[PDB]
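Residue numbers (the deposited numbering), protein chains in the order written: chain A, 4 to 99, 105 to 129; chain B, 4 to 99, 105 to 129; chain C, 4 to 99, 105 to 129; chain D, 4 to 99, 105 to 129.
4 protein chains.
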Amino acid sequence: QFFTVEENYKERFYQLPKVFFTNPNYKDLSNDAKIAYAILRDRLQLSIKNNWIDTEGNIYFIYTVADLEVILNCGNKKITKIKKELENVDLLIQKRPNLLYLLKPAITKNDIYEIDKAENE
Amino acid sequence: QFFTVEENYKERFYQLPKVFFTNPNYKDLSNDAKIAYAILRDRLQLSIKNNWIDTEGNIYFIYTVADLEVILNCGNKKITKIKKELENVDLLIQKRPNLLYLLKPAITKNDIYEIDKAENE
Amino acid sequence: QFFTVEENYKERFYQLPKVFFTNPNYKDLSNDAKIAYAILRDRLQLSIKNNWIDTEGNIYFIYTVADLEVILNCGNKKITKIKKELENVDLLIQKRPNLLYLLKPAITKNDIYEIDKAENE
Amino acid sequence: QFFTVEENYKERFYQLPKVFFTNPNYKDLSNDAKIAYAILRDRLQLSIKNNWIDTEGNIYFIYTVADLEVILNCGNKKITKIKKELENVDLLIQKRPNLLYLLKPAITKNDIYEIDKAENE
């Protein structure tokens, strides 16, 4: 009944939006981009610490081609595909030392319906 | 659809074990101790950073009477009641610069049954 | 390394907004109301199932004096104090078979600052 | 400040173990299997409802080739690769109307170290 450092690290997860698997806009995405989104999402709290917050309170990223390279553990060929994929679906904004804005996904009445079916018997 | 620092801080919660509200051992506890447990639980990740990990990997706390005083925002009269309450139910171990070990709660077939009833219509 | 039903019920928590412990508007609240908020918050998913969703997509509650009585495990004397307390701080709306609207808390630059101090060394 | 059904479905995630991206045993896994693990993990609560709990309290799955086919949205060719991949790393047990046991991942001192580096600046 002790809290262990091992059980603690075993309970750390990246968060994959379930809508990535019901919404036609998103389902299309390569798993590399879906997972990339989840990994970047986890960094939001960091950005707040790095004070990467704009004038309106929006949280952004300042990552080079190499940063994302280590962060997502993939080559610049792949990350190029990743960014382009996420932007095409309005999941990312590169408002050009680049600035990246992660965006939350959209939800539709159908997503809801589907997400229910996906979460039940 | 931007992630905001405000929405981010608005989505930060202390975790209250639901079993604190079904198990007779725990229900008895004062809300001050239940909440105190939740607050301390949130500190586990800190302790790992402070390398407050024993030889077997268990995570502990090194908090003075004043630390807990600010951490739980209450007087030493109350925290005394808090510790004694949590220890009485094996939710805390003071293995005497004090060392505190938070413990996870117990679960019984009835807790499960009750927790189901509590989570449903 | 098996997932057990016991470990699963042991990892179920009510979510206590941390801002309830930094914002002056909220700190004032009795622990009964803070916890009551957390308990009710957990019911949101139920309401969606009961189709307790208004025209604008807002999620509400249809609970009698007895429902809340069992749900929060307390007497009608206490729940009266609870509702009045939560409404006074805009955490609840009783738009009178009653309808209850839970509301999310507010966040201020100070809450953020405080919440940082509360989450760190 | 209302809780909306849309914001509620927008905040639903599958949980990707971060160790899948630090431990050599796991990193190797195809994204299809990593995500498949996350999707199946989400079903644990269902299994409890279906009373898919063995004598020792372990939670299991009773899924046909078609069930997993719809659940993971992929062909039987892919799921074959998925199961074989997860079993090879002790993340799944097919104790043959099949029975599937999801297993939690392992953690090492290095995983911890890596997971820290992955979660920080």
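The beta carbon of each residue, even a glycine, is placed where N, CA and C say it ideally should be.
ask   = With respect to the beta strand (DSSP E) encompassing A/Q18, which residues constitute its N-terminal and C-terminal limits?
value = Judged by DSSP secondary structure, A/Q18 falls within the beta strand (DSSP E) whose first and last residues are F16 to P20.
Beta carbon proximity, A/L19 to chain D, threshold 8 Å = Interface residue, yes.
inquiry  = I need the straight-line Cα distance from D/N79 to D/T67, nearest angstrom please.
reply    = D/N79 and D/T67: Cα-Cα distance of roughly 10 Å.
ask   = What does a CB cutoff of less than 8 Å around D/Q18 pick up in its chain, not counting 5 residues either side in sequence?
value = Residues of the same chain with a CB within less than 8 Å of the CB of D/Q18, apart from the 5 flanking positions on each side, are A41, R44 and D45 in chain order.
request  = Say whether chain B places a C-beta atom closer than 8 Å to the C-beta of C/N106.
outcome  = It does not; no Cβ of chain B falls within 8 Å.
ask   = Would you say C/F6 faces chain B, with C-beta separation under 8 Å as the test?
value = The Cβ of C/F6 sits no closer than 8 Å to any Cβ of chain B.
task = Could you check what DSSP says for B/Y109 in three-state terms: helix, strand or coil?
result = Three-state result, B/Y109: strand.
message = Among C/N76, C/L107, C/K87 and C/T83, whose alpha-carbon lies nearest the alpha-carbon of B/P27?
response = It is C/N76.
query = Does the distance from the C-beta atom of D/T7 to that of C/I62 stay below 8 Å?
reply = Their beta carbons are under 8 Å apart, which means D/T7 touches C/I62 by this criterion.
inquiry  = For D/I120 and A/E9, I'd like the C-alpha separation in whole angstroms.
reply    = Distance between the alpha carbons of D/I120 and A/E9: 8 Å.
task = Please report the Cβ distance between D/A126 and D/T58, rounded to the nearest whole angstrom; I am assuming they are in contact, meaning their Cβ atoms lie under 8 Å.
result = About 38 Å; that fails the 8 Å criterion.
task = Return the CA-CA distance between A/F5 and C/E122, expressed in angstroms with no decimal places.
result = Straight-line spacing of the CA atoms in A/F5 and C/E122 works out to 29 Å.
key: Chain-ordered chain C contacts of D/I62 [CB-CB under 8 Å]   = Scanning chain C for C-beta atoms nearer than 8 Å to the C-beta of D/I62 yields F5, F6, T7, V8 and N11, reported in chain order.
request  = Check whether the Cβ atoms of C/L32 and C/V92 sit closer than 8 Å, and answer yes or no.
outcome  = Between C/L32 and C/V92, the C-beta gap is smaller than 8 Å, which places the two residues in contact.
C-beta atoms of D/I38 and A/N34 nearer than 8 Å = A/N34 is positioned such that its CB atom lies closer than 8 Å to that of D/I38.
request  = Please list the partners that B/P113 has in chain C, where partner means a Cβ-to-Cβ separation under 9 Å.
outcome  = Neighbours of B/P113 on chain C, chain order: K13.
message = Let me confirm a value: A/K86 is counted as buried when at least 16 other C-beta atoms fall within 10 Å, else exposed. Which label applies?
response = A/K86 comes out buried.
ask   = By DSSP, does B/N91 sit in helix, in strand, or in coil?
value = The answer is helix: DSSP assigns B/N91 an H, G or I state.
request  = Give a yes or no on whether the C-beta atoms belonging to D/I65 and D/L107 are separated by under 8 Å.
outcome  = The criterion of a C-beta distance shorter than 8 Å is satisfied by D/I65 and D/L107.
inquiry  = Quick check on A/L110 - is its C-beta less than 8 Å from some C-beta in chain D?
reply    = Judged by the 8 Å Cβ criterion, A/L110 is not in contact with chain D.
key: Neighbour list for C/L49 in chain B, Cβ cutoff strictly below 9 Å   = Within chain B, the residues near C/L49 are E127, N128 and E129.
query = Using a C-beta cutoff of 8 Å, does B/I56 count as contacting chain A?
reply = Yes - at least one Cβ of chain A is within 8 Å of the one on B/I56.
query = Taking the Cβ atom as the reference point for each residue, do C/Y29 and B/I115 lie within a distance shorter than 8 Å?
reply = No, these two residues do not count as a Cβ contact at 8 Å.
ask   = For the stretch 30-48 of chain C, which residues have a beta carbon sitting closer than 7 Å to at least one beta carbon of chain B?
value = If the cut-off is 7 Å between Cβ atoms, the stretch 30-48 of chain C has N34, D35, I38 and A41 near chain B.
key: Where the alpha helix (DSSP H) containing A/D70 begins and where it ends   = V68 to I74 is the span of the alpha helix (DSSP H), which, as asked, contains A/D70.
ask   = Got a sec, what are the start and stop residues for the alpha helix (DSSP H) A/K125 sits in?
value = Element bounds for A/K125: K117 to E127.
task = Determine whether the Cβ of C/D119 lies closer than 8 Å to any Cβ atom of chain E.
result = You won't find chain E in this structure, because its protein chains are A, B, C and D.
message = Tell me the rounded alpha-carbon separation between D/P105 and A/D124.
response = Whole-angstrom Cα-Cα distance: 25 Å.
ask   = If we cut at 8 Å on Cβ distances, does C/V22 have a partner in chain B?
value = At a cut-off of 8 Å, the C-beta of C/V22 has a neighbouring C-beta in chain B.
ask   = Expressed to the nearest angstrom, what Euclidean distance is found between the alpha-carbon atoms of B/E14 and B/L49?
value = Cα to Cα, the separation comes out at about 19 Å.
ask   = Does the distance from the C-beta atom of C/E72 to that of C/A36 stay below 8 Å?
value = Taking 8 Å as the Cβ cut-off, C/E72 and C/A36 do not qualify as a contacting pair.
inquiry  = Looking at the secondary structure, which residues open and close the alpha helix (DSSP H) in which residue 162 of chain B lies?
reply    = Past the edges of chain B, shown from 4 to 129, lies residue 162 of chain B, and the structure says nothing about it.
key: Contact set for B/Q97: own chain, Cβ-Cβ below 7 Å, skip 5 residues either direction   = Closer than 7 Å at Cβ, skipping near neighbours: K86, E90 and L108.
ask   = At a CB-CB cut-off below 7 Å, which residues of chain B make contact with C/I123?
value = Correct list: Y12 and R15.
request  = List the residues of chain D that A/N76 touches, going by C-beta distances under 9 Å, in chain order.
outcome  = What A/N76 touches in chain D: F24 and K30.
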